[PDB]
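What follows is one chain in structure tokens, specifically the form deposited without the DNA.
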């Protein structure tokens, strides 16, 4: 799976979890691309069996597509929580996550997963971390 493919899958998954479906035009708007670019990537996803570009129903995900989408949306959310927890400006989080989510091994993602749990488990740890952020003196 290429990085741009992961973005589409992430996007289609979220659209269905919200509107209950995913239209080519909704995808092009969300990723800010021309519908032809979308249609092209869709056929590839259809051939790789992540979804079906069916008639009447439209864009439907296969078990394989729901499995991957679920993991990709989870990956994105975990990375956001991660940056948020260590004190990154909120306005800079989405852009950083969108860029790095694709270049991280599941191994790293799981380790980031334990770190997040590490800080959520004891608030006293967050305070210690934030205190070190004031050691810039």
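Positions refer to the first chain, counted from 1.
Student: Go through the other compared entries with residues on either side of residue 96 and state whether a third or more give it no coordinates.
Tutor: No, residue 96 has coordinates in all the other entries compared.
Student: Taking the other compared entries of this protein, do a third or more of them lack coordinates for residue 56?
Tutor: Missing in at least a third of the others, so yes.
Student: Is the mean CA B factor in the deposited entry higher across 5-13 or across 119-127?
Tutor: The stretch with the larger mean CA B-factor is 119-127.
Student: Comparing 96-104 with 24-32, where is the mean C-alpha B-factor higher?
Tutor: Higher of the two, by average CA B-factor, is 24-32.
Student: Compare the CA B factors listed in the entry for 52, 109, 73, 83 and report the winner.
Tutor: Most elevated C-alpha B-factor of the set, per the entry: 52.
Student: In terms of the chain's CA B-factor thirds, is residue 79 lowest, middle or highest?
Tutor: Ranked within chain, residue 79 CA B lands in the lowest tercile.
Student: Determine, from the deposited record, the chain-internal third of the Cα B-factor for residue 88: lowest, middle or highest.
Tutor: For residue 88, whose C-alpha B-factor we compare with every modelled residue in the chain, the answer is the lowest third.
Not on display, but discussed next: the form deposited with the DNA bound.
Student: Would you mind picking out the stretch of 54-62, 72-80, 88-96, 108-116 that comes within 4.5 angstroms of the DNA in the deposited complex, counting non-hydrogen atoms?
Tutor: Result of the contact check: 54-62.
Student: Does any heavy atom of residue 34 come within 4.5 Å of a heavy atom of the DNA in the deposited complex?
Tutor: Looking in the deposited complex, residue contacts with the DNA include residue 34, since a heavy atom lies within 4.5 Å.
Student: So in the deposited complex, does residue 23 come within 4.5 Å of the DNA, heavy atom to heavy atom?
Tutor: Because a heavy atom of residue 23 falls inside 4.5 Å of the DNA in the deposited complex, the answer is yes.
Student: I'd like to check something about residue 40: if you look in the deposited complex, is any of its heavy atoms closer than or equal to 4.5 Å to a heavy atom of the DNA?
Tutor: Close contact exists here: in the deposited complex, residue 40 approaches the DNA to within 4.5 Å, heavy atoms only.
Student: For a quick check, can you give me the residues of 63-82 that have a heavy atom within 4.5 Å of the DNA in the deposited complex?
Tutor: Stretch hits: zero.
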